[PDB]
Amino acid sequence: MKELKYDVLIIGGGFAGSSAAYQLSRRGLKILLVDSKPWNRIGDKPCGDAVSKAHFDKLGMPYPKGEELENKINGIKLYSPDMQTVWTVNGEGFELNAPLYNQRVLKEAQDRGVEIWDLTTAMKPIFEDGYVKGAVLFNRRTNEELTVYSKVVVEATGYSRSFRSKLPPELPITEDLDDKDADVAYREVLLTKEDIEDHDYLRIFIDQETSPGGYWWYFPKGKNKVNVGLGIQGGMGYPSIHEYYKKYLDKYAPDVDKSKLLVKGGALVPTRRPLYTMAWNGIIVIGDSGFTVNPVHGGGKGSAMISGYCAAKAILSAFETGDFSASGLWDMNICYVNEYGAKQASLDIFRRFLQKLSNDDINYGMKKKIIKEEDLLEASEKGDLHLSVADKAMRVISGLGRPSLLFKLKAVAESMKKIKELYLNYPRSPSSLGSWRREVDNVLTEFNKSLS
């Protein structure tokens, strides 16, 4: 079999892999990115397509333009289950044509020196003497099986986790997730019969009956075009998401023309803290494969880009030291936990609480202003729920005359702070990963028990 020598092999070309490729480009490295999809479909996984402008501003990722930017977003309207209370949170973002933008990032990375093979699947790892050393690839364009050696593999395969899952199970880089730590989500893009009101605002509808463990959304892509969908928690035995969608669509999108559909589809999305380590010998894991998604709102394209940024940084350092061991690549973890992962861990706790609340709880808490809109934003963006804000919340609901999980909010805030602190003390070397992981697991185990 043909053998080729590369510095870096990136497996997957979605927002995570493409970000890694772009950030590593123009540096004189020999880089190959592969994706199983044909070029014109790369980036087309089902998504709401909404991403904060701040991510592009912080990471130096190409700004969306032309047909790539479908609609400018100025904020989100969050609806209570009874739709009687709407919270508005302001913030600039983009409703993107995801495949078009993703493909442009890849084409620019390619112009900047990255080699790209589409219709090419990494079939199995090359794993020797404890290191990932590359991959066996099947290129369906040229109909060739190829062995590619690399100093580092960037595993960016999305939820499939289709490369790292083939490594020896004792390695921390093969970590799986609980079925209840992901949602299944489904969306369609449709034209509307009536102009969309406040089309610069996304709509998110909380409802435990119509989207248990997730939410419904209505994300305008123009004055007369909308991405509408829902997510529901996995591992709970819920019926087909397609059936939830059909049953409740009219509640959230009475205005759509069901004869003018542009796209439809679903996929899984992780909703938890990141992989305990995103680095091991010869390999870094990013994006959905590394569980980079915000656990409370389900947004993962921004954090995918952050993970690509951190991967590129760690890889450049490893080429300086010549050390591609877990320790040599460990900055991946330090960078990612600082930039997003510690917040994710806090939000993993908060999500578990929110998923257990009843519609009556959410209606009451929103109507009574249990927390401010700005407090919700602080939780979403920093992962902080200050003990103070918790105290005010408890005073607000002190008149509630029935049993409610809402009264546990102070304890939830305490657990959030505790896990955030553990993440701010992320292990400085692989030798401490195990004991730290057990501490985190214990916090989660105890927290789960507190809600049962």
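The first residue of the shown sequence is 1; numbering continues from there.
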Determine, for stretches 32-40 and 64-72, which one has the higher mean CA B-factor as deposited.
-> 64-72
Taking the mean of the C-alpha B-factors per stretch from the entry, tell me the winner out of 184-192 and 292-300.
-> 184-192
Among 272, 372, 151, 164, where is the Cα temperature factor highest, going by the PDB entry?
-> 372
Would you mind checking which of 320, 178, 348, 360 has the top Cα temperature factor in the PDB entry?
-> 320
Is the Cα B-factor recorded for residue 121 in the lowest, middle or highest third of its chain?
-> lowest
Chain-relative CA temperature factor third for residue 230 = lowest
Place residue 408 in the lowest, middle or highest third of its chain's C-alpha B-factors, as listed in the PDB entry.
-> highest
Ordered by C-alpha B-factor within the chain, which third holds residue 308? Give me lowest, middle or highest, please.
-> lowest
Going by what the PDB entry lists, where does residue 53 fall on CA B-factor within its chain: lowest, middle or highest third?
-> middle
